[PDB]
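Report on the following structure.
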Number of protein chains: 2
Amino acid sequence: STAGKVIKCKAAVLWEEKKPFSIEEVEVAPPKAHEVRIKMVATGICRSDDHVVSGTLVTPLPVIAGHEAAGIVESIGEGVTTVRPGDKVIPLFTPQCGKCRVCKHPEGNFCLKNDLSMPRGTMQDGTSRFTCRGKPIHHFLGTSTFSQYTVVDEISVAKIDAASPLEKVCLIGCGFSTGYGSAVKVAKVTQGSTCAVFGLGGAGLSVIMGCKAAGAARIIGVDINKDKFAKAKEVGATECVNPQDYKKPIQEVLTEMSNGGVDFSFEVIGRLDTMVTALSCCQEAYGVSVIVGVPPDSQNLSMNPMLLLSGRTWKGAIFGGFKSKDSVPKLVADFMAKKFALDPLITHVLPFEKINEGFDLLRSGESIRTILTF
Amino acid sequence: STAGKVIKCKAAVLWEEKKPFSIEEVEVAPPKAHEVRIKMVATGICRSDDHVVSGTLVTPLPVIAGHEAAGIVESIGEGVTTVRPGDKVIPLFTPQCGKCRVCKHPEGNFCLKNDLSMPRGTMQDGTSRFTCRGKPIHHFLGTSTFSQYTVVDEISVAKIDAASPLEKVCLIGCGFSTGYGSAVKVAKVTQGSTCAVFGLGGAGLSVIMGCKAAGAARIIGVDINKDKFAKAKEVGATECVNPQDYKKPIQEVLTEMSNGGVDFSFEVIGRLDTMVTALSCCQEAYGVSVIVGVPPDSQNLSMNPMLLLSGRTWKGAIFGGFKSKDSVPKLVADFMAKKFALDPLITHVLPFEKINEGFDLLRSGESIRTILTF
Ligand SMILES: NC(=O)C1=CN([C@@H]2O[C@H](COP(=O)(O)OP(=O)(O)OC[C@H]3O[C@@H](n4cnc5c(N)ncnc54)[C@H](O)[C@@H]3O)[C@@H](O)[C@H]2O)C=CC1
Ligand SMILES: NC(=O)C1=CN([C@@H]2O[C@H](COP(=O)(O)OP(=O)(O)OC[C@H]3O[C@@H](n4cnc5c(N)ncnc54)[C@H](O)[C@@H]3O)[C@@H](O)[C@H]2O)C=CC1
Ligand SMILES: O=CNC1CCCCC1
Ligand SMILES: O=CNC1CCCCC1
Ligand SMILES: [Zn+2]
Ligand SMILES: [Zn+2]
Ligand SMILES: [Zn+2]
Ligand SMILES: [Zn+2]
């Protein structure tokens with residue numbers, strides 16, 4: 001009864017930076033060839049969505065943000081072969097086209113069809129499926145999940161187990177998989193190692209889960225908000241340190257605690273200074289540091305290249321290094337088999353209509369993940 | 001006739017920065033416990049020695065520089081078990097104590113006993129074995145090979161094949177092993193990959209040798225001195241580019257040439273700008289860039305961390321990642337088995353007395369390696 005027709009529904013439109021989202025009616029076009037229209041069931045509030053509001057992450061406005069979500073296929077465009085109406089699905093903010101040099105590479109996952117490097121805020125075809133007040137509205141990372149319905153390209157959606165609890169597995173669309181993969185796939189944390197994790201939010205707690213699954217002997221959580229320490233320990237941190245408690249720079253503290261530097265460090269905040277601090281705190285000859293946090297737009301860090309010449313490895317990754325369409329269904333299957341837990345990340349639940357209150361909870365420091373239900 | 005006695009011999013003393021080496025008599029004390037006195041046979045002129053003259057690399061002056069060399073043991077102090085008088089040896093500018101956390105780690109080689117990070121210019125015991133005109137003279141990287149005789153700690157010397165040609169294998173003490181290992185051990189260049197090598201001197205040509213040995217399909221040499229291109233192609237470069245020939249930044253040129261970025265890049269110059277350029281020219285999702293060049297003292301580079309967040313890996317290494325005492329004898333054995341060539345790196349052979357002429361050849365761009373013979 002809606003296939004092939006424009007759908008009028010509610011979405012959270014961001015009309016300008018540093019303002020609340022506007023919950024209002026939008027018009028969602030039917031899917032074109034190789035596109036999929038999805039009825040959203042749950043969406044998470046991720047810090048990267050807040051980065052759009054703050055101007056930290058630049059993407060064209062006005063926009064429908066949201067990228068961590070799960071829903072049910074309402075209709076498919078011509079030529080779609082990988083999902084059907086009624087399937088449970090997770091939108092993929094990093095696509096997997098399967099045909100570019102990155103998708104064919106055994107390690108790479110940052111598909112060249114992504115809308116992150118040079119953001120257009122459109123579908124793959126350069127157009128938008130959203131209208132509000134008669135005005136076209138931009139998409140976000142090819143997902144735009146802050147809406148009762150969205151349209152995504154086929155390369156940006158994965159079919160998942162039909163029995164999946166969508167109000168939990170939406171975290172596999174961003175925060176969990178990013179942190180977990182950063183530890184187990186990107187850093188490749190080894191058994192018995194010492195790890196330092198900077199930032200104990202949704203993504204940082206998932207890094208800790210990955211370090212524990214990898215068998216690390218020590219996992220040092222670092223955060224300036226000591227209220228984050230209790231949950232960090234519950235999911236595997238062996239100790240937590242607040243840089244504000246020390247008279248010395250925390251890289252010096254961490255080097256002393258690890259008797260010469262840590263095996264693996266992770267920056268899971270998004271600050272230039274903590275990116276350099278995290279690199280510095282890993283052991284100078286064989287340490288590995290992984291950047292996960294999103295830096296402020298167009299800003300350069302400053303560092304001494306002798307930190308690398310001694311032997312350190314520095315790398316970063318999107319989405320924990322996972323090839324998105326291959327990995328999301330397998331991660332859901334592992335969740336269904338109890339191989340990892342998502343409940344520790346979910347601190348608050350709200351209806352979609354209270355999205356602004358959910359962003360208030362994130363900004364105040366009180367929440368890890370708020371899940372919004374449509 | 002010299003064991004247990006002070007030796008008066010010829011050495012090249014650097015009394016202050018930005019001056020020629022002073023060829024004059026020095027006194028070399030006999031070795032203390034766990035020390036080895038070596039009669040030098042051949043020593044190479046490496047850019048890192050010139051960095052001491054220029055102030056690029058800070059180490060205490062006055063100094064006997066030189067670190068790439070081979071010689072014959074004249075005497076050993078009490079407790080030495082790994083070399084004997086008469087053995088052919090290569091001094092190790094990176095020690096291998098075998099007891100520190102780095103030496104025990106399967107991948108680390110920057111032994112904590114090194115004199116690089118916080119240069120003292122002494123023996124391990126904090127004193128010097130050199131006197132000139134009655135004044136104590138500093139050591140350099142625990143080696144100090146610009147002298148007819150030197151004294152090194154046991155952890156900074158490796159015994160090599162008694163049939164080795166010392167006027168060639170001295171290059172295993174620095175330039176060859178650094179470049180070769182940077183490709184085959186640090187970067188782990190893969191078969192069929194595309195590589196870019198910035199800087200076509202002794203170390204850069206050895207990187208090329210390693211990339212070819214690893215089966216790279218394309219090896220792009222980059223140098224502002226087009227006179228370096230012929231030898232680079234002889235040792236494996238498939239193409240060479242001079243950044244001064246282009247109106248665009250070379251990172252953009254290399255990205256176009258490689259249809260989206262190279263698999264492996266190497267900075268083998270020692271400039272902050274080319275370190276960032278080399279990182280940028282590797283493929284954004286899976287490329288690897290290795291810093292080999294020594295940066296000017298105390299200077300920071302500036303870079304956008306999004307270059308790493310997309311998926312790039314950035315690392316550096318000392319001495320090609322090789323555990324020094326384990327690796328040097330094995331590399332000599334490989335050379336004797338004809339597994340690699342050193343003659344392509346040697347452009348000039350001069351008597352030690354012509355050390356300053358040898359540095360003039362390096363500074364003018366004319367030489368790759370000048371070998372000085374004692
Ligand atoms: N690379 C990728 O694919 C992804 C990147 N991100 C980015 O990772 C970062 C973390 O995301 P979330 O965990 O969702 O955000 P979050 O805001 O919940 O967690 C950040 C934590 O860092 C702490 N913090 C802030 N400043 C600090 C400082 N100077 N020192 C120590 N701790 C500090 C905060 O107290 C907070 O607990 C964000 O920048 C996000 O945009 C998130 C998921 C995907
Ligand atoms: N990491 C380690 O263990 C070692 C580091 N090094 C360092 O590697 C670097 C190279 O050493 P060598 O090969 O012996 O020196 P080299 O001086 O013979 O080679 C440097 C090359 O870079 C070229 N070059 C200079 N500026 C350039 C620019 N803007 N753009 C492109 N090319 C440029 C020069 O024309 C020259 O051919 C030095 O900084 C050296 O101190 C050397 C061996 C050990
Ligand atoms: O949070 C999800 N995606 C992020 C990934 C890093 C760049 C900004 C967008
Ligand atoms: O060239 C030999 N050794 C170099 C190693 C990198 C720092 C300066 C000295
Ligand atoms: Zn792709
Ligand atoms: Zn996210
Ligand atoms: Zn050691
Ligand atoms: Zn050298």
Side-chain angles (χ1 to χ4, degrees), chain A residues 285 305-306 308-311, chain B residues 43-54 56-59 65-69 91-94 109-110 114-117 119 140-143 145 170-182 185-186 196-208 220-229 231-232 240-246 249-251 254 266-278 290-297 315-322 324 345 347-348 358-359 361-370:
Chain A
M306 293 295 309
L308 297 173
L309 200 73
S310 51
Chain B
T43 189
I45 293 174
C46 171
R47 181 58 76 165
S48 299
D49 299 300
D50 182 68
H51 286 340
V52 172
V53 181
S54 76
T56 290
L57 182 60
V58 175
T59 193
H67 59 280
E68 178 179 88
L92 309 174
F93 76 81
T94 303
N109 80 319
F110 193 44
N114 75 82
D115 196 41
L116 186 44
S117 300
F140 181 50
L141 309 178
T143 58
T145 68
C170 60
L171 294 187
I172 288 163
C174 184
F176 170 79
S177 309
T178 294
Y180 197 77
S182 288
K185 180 190 253 292
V186 179
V197 183
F198 289 76
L200 308 172
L205 293 173
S206 304
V207 170
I208 290 174
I220 309 165
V222 187
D223 207 300
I224 57 167
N225 184 356
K226 63 173 214 321
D227 286 1
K228 303 286 173 181
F229 294 168
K231 181 52 73 52
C240 288
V241 302
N242 178 351
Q244 291 169 348
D245 286 345
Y246 296 80
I250 204 66
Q251 57 200 36
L254 294 162
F266 302 82
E267 202 280 1
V268 206
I269 301 161
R271 291 177 56 91
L272 303 170
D273 69 296
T274 47
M275 281 151 212
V276 179
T277 290
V290 181
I291 304 179
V292 187
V294 170
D297 184 72
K315 53 201 311 189
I318 302 296
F319 198 58
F322 284 118
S324 64
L345 310 172
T347 55
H348 296 83
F359 275 81
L361 285 165
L362 179 69
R363 295 167 184 144
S364 76
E366 177 177 338
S367 59
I368 295 292
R369 277 305 200 270
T370 294

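Throughout, a chain's letter reflects where its sequence line sits, starting with A, and its residues are numbered from 1. All heavy atoms count here, side chains included; hydrogens, waters and symmetry mates do not. Read the numbers this way: they start at 1 and go in the same order the structure lists the ligands and their atoms.
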Tell me which protein heavy atom sits closest to [atom], plus the residue, atom name and distance to 0.1 Å.
atom                    : value
atom 3 (N) of ligand 4  : B:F93 CE1, 3.2 Å
atom 11 (O) of ligand 2 : B:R47 CB, 3.8 Å
atom 14 (O) of ligand 2 : B:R369 NH1, 3.0 Å
atom 3 (O) of ligand 2  : B:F319 N, 2.7 Å
atom 35 (O) of ligand 2 : B:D223 OD1, 2.5 Å
atom 2 (C) of ligand 4  : B:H67 NE2, 3.1 Å
atom 42 (C) of ligand 2 : B:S48 OG, 3.7 Å
atom 4 (C) of ligand 4  : B:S48 OG, 3.7 Å

Using a 4.0 Å heavy-atom cut-off, say whether [X] meets ligand 2 through its side chain, its backbone, both or neither.
X      : value
B:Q244 : neither
B:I224 : both
B:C174 : side chain
B:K228 : side chain

Could you tell me whether [X] and ligand 2 have an N or O pair separated by under 3.5 Å?
X      : answer
B:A203 : yes
B:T274 : no
B:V268 : no
B:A317 : yes

Geometry at the Zn ion (ligand 8) - B:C46 SG versus B:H67 NE2 angle, rounded to 10 degrees: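 Taking the Zn ion (ligand 8) as the apex, I get 100° for this pair.
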Subset of ligand 4 atoms that lie under 4.0 Å from at least one heavy atom of [X]:
X      : answer
B:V294 : 6 (C), 7 (C), 8 (C)
B:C46  : 1 (O)
B:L116 : 6 (C), 7 (C), 8 (C)
B:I318 : 6 (C)
B:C174 : 1 (O), 2 (C)

Residue B:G201 vicinity, atoms of ligand 2 by number, heavy atom under 4.0 Å: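 Numbered from 1, ligand 2 contributes 13 (O), 18 (O), 19 (O), 37 (O).
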